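Numbers and lists here come from the model and the stated rules, or from a named source; nothing here is a laboratory result. Positions of Cβ are generated from backbone atoms using ideal geometry, with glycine treated the same way; all protein chains shown enter the neighbour counts.
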Amino acid sequence: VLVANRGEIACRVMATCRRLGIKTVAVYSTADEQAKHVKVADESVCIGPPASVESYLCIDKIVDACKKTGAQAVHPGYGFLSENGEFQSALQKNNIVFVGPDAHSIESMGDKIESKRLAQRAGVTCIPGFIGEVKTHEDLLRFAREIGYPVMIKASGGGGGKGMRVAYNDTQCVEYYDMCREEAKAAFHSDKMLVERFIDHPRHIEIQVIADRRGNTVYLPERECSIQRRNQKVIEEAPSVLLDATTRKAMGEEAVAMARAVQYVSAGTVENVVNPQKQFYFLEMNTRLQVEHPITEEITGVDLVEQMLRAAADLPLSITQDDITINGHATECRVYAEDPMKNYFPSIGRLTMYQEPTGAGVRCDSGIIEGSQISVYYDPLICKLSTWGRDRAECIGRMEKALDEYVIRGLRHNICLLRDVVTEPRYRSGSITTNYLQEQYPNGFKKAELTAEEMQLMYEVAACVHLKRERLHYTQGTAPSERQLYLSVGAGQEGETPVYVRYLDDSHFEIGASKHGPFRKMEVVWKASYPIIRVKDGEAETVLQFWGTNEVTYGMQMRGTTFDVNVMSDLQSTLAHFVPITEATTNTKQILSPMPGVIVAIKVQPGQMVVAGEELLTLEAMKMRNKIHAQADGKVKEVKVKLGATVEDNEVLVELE
Amino acid sequence: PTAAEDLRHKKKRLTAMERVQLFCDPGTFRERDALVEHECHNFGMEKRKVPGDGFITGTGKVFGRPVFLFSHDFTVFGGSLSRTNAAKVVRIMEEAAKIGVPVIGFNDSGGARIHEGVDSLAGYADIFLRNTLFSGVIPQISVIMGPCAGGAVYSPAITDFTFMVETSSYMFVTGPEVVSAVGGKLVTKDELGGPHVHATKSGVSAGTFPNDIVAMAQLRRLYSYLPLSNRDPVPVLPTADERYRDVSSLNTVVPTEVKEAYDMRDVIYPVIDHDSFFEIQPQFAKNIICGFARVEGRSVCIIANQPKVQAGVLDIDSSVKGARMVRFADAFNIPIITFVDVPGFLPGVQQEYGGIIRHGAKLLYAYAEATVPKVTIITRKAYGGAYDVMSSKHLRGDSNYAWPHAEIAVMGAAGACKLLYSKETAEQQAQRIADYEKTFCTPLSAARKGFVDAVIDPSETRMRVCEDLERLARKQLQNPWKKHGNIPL
Ligand SMILES: O=CCCCC[C@@H]1SC[C@@H]2NC(=O)N[C@@H]21
């Protein structure tokens, strides 16, 4: 079989075949000649230029290419043009298997409209509210009391969240209807309002579904997709805390009942919104192969890929709802190349200087091997880290530990945000909401700080590392074994903390306050000039990272955050006070081209916003295109140098004001 | 007790003794001479004698290995040299010539001492002669912590490496007063000879540091690389890194387009051991990189082009930089590893008006004269005389390697097509340039001739380099008998 995706899922598929003993083929674009899925595959064929359209999206190339492998079936994947009719039609022109759902169900359910029809076909507890215009305030109050809901005032013709106000009491209902009619009459030319059961605070619970072309339909355990930034989810978890069998059993039964309704074959997944009063709302249903199943597979072992490919041959499944159980729970997170602390700045075109994944009792699905890069015209996802567990505390701690052991170098990421979110006591309380993120991050993003004991431990580990790397340079036995260091982070030596060290063995020290002070005998295990640093005092265990140094300042990472600790002796400490600290030039002015050349491409527009790290234009000289970018600034005021202006000579190409 | 140094520190500056204490080991400095006077007897100098006479000379010890050093003192007479100051320095250099030990000096002198007359010139001449004679015998490093003017500037110049401190140091031959007197332009001391000027414009300073503390901390690290003398072998340090570490990221560094640029450090860093690069002259002639690095625990010399800056084109400044680095590396038996990516020489009238012919020959002379083991890797391209200059196999090179997408040709395809068909029918571009580039802009022809040993996968570079550098440990080559060469100055 041949896949249709070029991400982690492709690798997953070419991995499921291992046990299924199925030879696999994987196509690629020109830029992806070095992707892992190309080498993992048994066969590879090029699909032209790497721009999205020609790459994979070029059905004609793809379907035509499906004539040499011999494979009797070809996976549709989950992204790009997966589950598409124009594609399903073409594949049934050449009479080949789709390894996916049937057309009628797909167009009946994935369609934007008429989904409410199928929803109300059997009702299935669809959105509740007075179905019609509320012409009077009396009707609005009466229908609000009917269910005593937060009103969910929404315009009949309005969409996207415009014309919506949340009413909690009758006076609020009247005032918000008065505002809503005024807003909607001006904005959408419709005064027709509707009132529905608004949700106190949503959790966005999701229910998984599987089926088959013969029978033995099964309901998979539900999942969580509460956390969501810009309508994109981050953290997922299958057995949500607010789970009662009274609801859940009916959820599975109703999902299976809806399944046969449209004769769905390859079930996508069911979407719900759940309030603390344990309701459910079947709508916004999915018909795509969601790849958040690893979590479910961790709590079940139900290999969705194997079962769906088995059903693609008109055979029933190998599992029934009778044996499906729960053996704990799993947590999954997504690693993006999106720089959060810097206003969510995108960082692309950077191959991995060097990276190593966490592999301690955890699972990681990724398509980015060492020496791989991310283009602008693709998904900036790095890895899909998922860890098995049985308890919240157990599963989370694992994630905590596994986050710190993920070495990524060569480009930014959002691991700090994931770490801070997981460590927050609100997240460990047990329950969350969908507005959780912006509720806990009002102004931008700011990572939480360190407690006193954590900073002390970081100091101790830094001193141990300094001594260990110092002993390497000495010759033969003429080496020291004890010092007294003065650690102080910050440019002003904030909190000078005297530290000792003794190095009793290769990976054991006798850290103390100073000489003639009680000693603790911690342990540090670190390979010289490497990232990972495992330190264990008593039971507590920590993992820190070592970035680099200039022999007075150490670049060490603590809880997924970079710091610069200063490790200096008595003389250096007493002398660093008497050192000039000059301030570098802070110039917000025009930028000039360093060398002569020709401008062939421009990226930014005249007199608009500019952010740090953004490419601006590209000169070509002596057969070579450079690319001077914007180091750091907010905006510009200038006149653009036109295309093909072979002038340069250190002119003012862009002027920053 | 912190007497007499409060006046110094109040100006945000350190003292000579404090610098010496910071450089060496905690308790291994033994000051040599401390009670010496100037015995001048002129211009009312018979009084105000000083015990130290403005110099601190000792022995010290760094990383368990011996050293010699001296430091000027700015408080006493402004650091001026004399018939008596220079005697201590001469004695130290002579002793460090008998024993195979290097010398490091921290310059702070304000100029010559006028009250001694021509005795200051005598001392300067003796120091110059010692530097000239002992260059190439023991490594010499110089750091400039404060003002350095007059004719005293020449002795740091002859030394192998000169470093500078950022805020409070400068160096030049003639002061701005004379410049105003003759030309009439008002230029400040920093605008004339500041650390930035010598870092970027003149190319004299080999580096710049932000503070004295950082200067000492990194000077120790630099010292950890050098061999002790001319006859001593290259130092080898223990290291947990191993030649079997996987480097497969090199397969993707070179883009598939011939007009796109990349950073050569992405090729340099994987091959060498982790966090073991010490760049030399980082802000001058950025199209070429030179420095020191370790390969399997032994120090080597790195010289590579960079297509990031000016398409990696050789030039005057790059030629001088590479020539000096190669000469120093060969003088002390240090292996050389080079990475080649050059389209040719920089074209321009200013270049010929500035003597490209002289300067470009220096790098070729340095590469041909060298007798240390050499390893060369051609990543993408090498054209014209630039291929010859950058350690080609014909210049007694030990082992040469190429990557599968390399190109070695006489010149670009356009010029060859033009010269090979004078008045051939128009549109000849499309069906001739492509064919010529396909047939002869590839390493197959150069491999057929025997100019590259083998064509290797980019993932095997570390393995090959470690193997070759281990095997070549005991090469013995000698040049014909000469009093000395005649390099194109
Ligand atoms: O084709 C016309 C310009 C080609 C220049 C190619 C580079 S630029 C500097 C160096 N000198 C050459 O002759 N070729 C290279």
- Message: Can you confirm whether B:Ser422 is in a loop (DSSP other than H, G, I, E, B), surrounded by 18 or more Cβ atoms within 10 Å (Cβ to Cβ) and either within 13 Å of the ligand (Cβ to nearest atom) or hydroxyl-bearing (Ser, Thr, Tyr) (or both)?
- Response: no
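Suppose we keep only residues that are without any contact (Cβ under 8 Å) to a residue 60 or more places away in the chain and within 14 Å of chain A (Cβ to nearest Cβ) within the range B:21-54. Which one would you say is surrounded by the fewest Cβ atoms within 10 Å (Cβ to Cβ)?
Only one residue fits best here, namely B:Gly27.
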- Considering the range B:365-383 alone, what residues qualify as being under 19 Å from the mean Cα position of the chain (by Cα) and surrounded by fewer than 20 Cβ atoms within 10 Å (Cβ to Cβ)? B:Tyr365, B:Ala368, B:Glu369, B:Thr371
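Just to be sure before I move on: is A:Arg350 assigned to a loop (DSSP other than H, G, I, E, B), within 14 Å of another protein chain (Cβ to nearest Cβ) and surrounded by fewer than 17 Cβ atoms within 10 Å (Cβ to Cβ) in the structure I sent?
Yes; evaluated as a whole, the condition is true for this residue.
It is to be established whether one or more residues within the range A:571-582 are among the hydroxyl-bearing types (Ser, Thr, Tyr) and surrounded by 15 or more Cβ atoms within 10 Å (Cβ to Cβ). Steps first, please.
At the first step, the residues of the range A:571-582 found to be among the hydroxyl-bearing types (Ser, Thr, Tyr) are A:573-574, A:582.
From the residues that got through so far, the ones that are surrounded by 15 or more Cβ atoms within 10 Å (Cβ to Cβ) too are A:573.
Checked against the condition, which is being among the hydroxyl-bearing types (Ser, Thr, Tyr) and surrounded by 15 or more Cβ atoms within 10 Å (Cβ to Cβ), the range A:571-582 yields at least one hit.
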- Residues in the range B:292-318 that are within 14 Å of the ligand (Cβ to nearest atom), buried (at least 23 other Cβ atoms within 10 Å of the Cβ) and more than 14 Å from chain A (Cβ to nearest Cβ) total 1
- Looking at (1) touching a helix residue (DSSP H, G or I) at 6+ places or on another chain (Cβ under 9 Å); (2) more than 7 Å from every other protein chain (Cβ to nearest Cβ); (3) on the phi < 0 side of the Ramachandran plot, which is the only condition B:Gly203 fails? (3)
- Message: Go through (1) out of contact with any strand residue (DSSP E or B) (no Cβ under 6 Å at 6 or more places or on another chain); (2) without any contact (Cβ under 8 Å) to a residue 60 or more places away in the chain; (3) among the β-branched types (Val, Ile, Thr) for B:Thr371 and report which single condition fails.
- Response: (2)
- Item | Those residues of the range B:251-276 which are out of contact with any strand residue (DSSP E or B) (no Cβ under 9 Å at 6 or more places or on another chain) and within 7 Å of another protein chain (Cβ to nearest Cβ), in sequence order | B:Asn251, B:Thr252, B:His274
- Within the range B:332-383, track down each residue that is within 14 Å of another protein chain (Cβ to nearest Cβ) and within 12 Å of the ligand (Cβ to nearest atom). B:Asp341, B:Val342, B:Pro343, B:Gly344, B:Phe345, B:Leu346, B:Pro347, B:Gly348, B:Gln351, B:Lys381, B:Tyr383
- Query: Restricted to the range B:384-399, and to residues that are surrounded by 18 or more Cβ atoms within 10 Å (Cβ to Cβ) and closer than 20 Å to B:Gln306 by Cβ, which residue is nearest to the ligand (Cβ to nearest atom)?
  - Reply: B:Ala386
- When you go through A:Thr478, A:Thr451 one by one, which is the residue that is within 14 Å of chain B (Cβ to nearest Cβ) and without any contact (Cβ under 8 Å) to a residue 24 or more places away in the chain? A:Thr478
- The one condition A:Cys383 fails out of (1) surrounded by 22 or more Cβ atoms within 10 Å (Cβ to Cβ); (2) assigned to a loop (DSSP other than H, G, I, E, B) is (2)
- Subset tally (residues that are more than 30 Å from A:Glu496 (Cβ to Cβ) and within 10 Å of chain B (Cβ to nearest Cβ)) for the range A:572-595: 2
- Item | Breaking point among (1) among the acidic types (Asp, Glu); (2) in contact with a helix residue (DSSP H, G or I) (Cβ under 9 Å, 6 or more places away or on another chain); (3) in a loop (DSSP other than H, G, I, E, B), for B:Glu94 | (3)
- Task: Residues being surrounded by fewer than 21 Cβ atoms within 10 Å (Cβ to Cβ) and over 23 Å from B:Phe328 (Cα atoms): count how many of those fall in the range B:113-137.
- Result: 10
- Message: Restricting to the range B:5-20, count the residues that are in contact with a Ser or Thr (Cβ under 7 Å, 6 or more places away or on another chain) and either facing another protein chain (nearest Cβ under 9 Å) or buried (at least 19 other Cβ atoms within 10 Å of the Cβ) (or both).
- Response: 5
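In the range A:121-140, what residues are free of Cβ contacts under 8 Å to residues at least 12 places away in the same chain and not in a helix (DSSP H, G or I)?
Within the range A:121-140, A:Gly123, A:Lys135, A:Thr136 qualify.
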- Task: Scan the range B:173-210 residue by residue and report those that are part of a loop (DSSP other than H, G, I, E, B) and within 16 Å of B:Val320 (Cβ to Cβ).
- Result: B:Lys201, B:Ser202, B:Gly203, B:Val204, B:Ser205, B:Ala206
- Message: Under 7 Å between Cβ atoms, which residue pairs at least 6 apart in sequence (or on different chains) link something in the range A:622-639 that is farther than 19 Å from B:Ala261 by Cα with a partner that is part of a loop (DSSP other than H, G, I, E, B) and hydroxyl-bearing (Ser, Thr, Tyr)?
- Response: A:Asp633/A:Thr588
- What pairs come up if the first residue lies in the range B:258-274 and is under 22 Å from B:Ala382 (Cα atoms), the second is charged (D, E, K, R), and their beta carbons are under 6 Å apart, counting only those six or more places apart or on different chains? B:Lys259/A:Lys623; B:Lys259/A:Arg625; B:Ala261/B:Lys308; B:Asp263/B:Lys308; B:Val271/B:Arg462
- Across (1) within 12 Å of chain A (Cβ to nearest Cβ); (2) of a type outside the set (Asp, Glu); (3) buried (at least 16 other Cβ atoms within 10 Å of the Cβ), B:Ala285 clears everything bar (1)
- (1) in the same structural domain as B:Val271 (by CATH); (2) in contact (Cβ under 8 Å) with a residue 24 or more places away in the chain all hold for B:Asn479 apart from (1)
- Complete set of residues in the range A:141-185 that are among the small types (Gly, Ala, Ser) and assigned to a helix (DSSP H, G or I): A:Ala144, A:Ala184
